[PDB]
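Accompanying notes for the structure given below.
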Ligand SMILES: [Zn+2]
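Residue numbers (the working numbering): 650 to 806.
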């Protein structure tokens, strides 16, 4: 029984420097091959991190591409996600931070106990927080929105 744990997780947010935060998320992993001759980043821990955030990897995965300004591959069959370009986990984490700071967490209470809503008629995205009581329409993204609309989030029973 090695001294300690096997896998360590970081705080839901990269702004807190304490060990009191209950909710935790597994540090995403980014893989890279070659250099220039077809170098691309593959977020192996794309599906994992998602589940933890109670959200699909399609939300974050897509983001990376936007910010990075590159293309991305989506394969549900093998749940494999690829992001054109070279980016180390360290960086990817930061880039995602933002998303996990507004989408996931609440801009009022910063609680991961929030959700998102999609309107096919109004064609506008909006979140609703219960912890504090915040509501509104998320700034219509550039491409993401287009994807979200075409394919709404998964419902629960
Ligand atoms: Zn809130």
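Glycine included, C-beta positions come from ideal geometry on N, C-alpha and C.
Per DSSP, the unbroken beta strand (DSSP E) holding residue 673 starts and ends at 673-675.
Just so you know, the alpha carbons of residue 775 and residue 653 end up roughly 42 Å apart.
Bounds of the alpha helix (DSSP H) holding residue 713 are 707-717.
Annotation for residue 782 indicates a beta carbon within 8 Å of some heavy atom of ligand 1. Put simply, the backbone Cα of residue 670 is about 30 Å away from that of residue 715.
Secondary structure at residue 765: strand, using DSSP grouped into helix, strand and coil. Taking the CA atoms as reference points, residue 683 sits about 23 Å from residue 727. In the three-state DSSP reduction, residue 691 falls in the strand class (E or B). With 16 or more other Cβ atoms from the protein chains shown falling within 10 Å of its own Cβ, residue 736 counts as buried.
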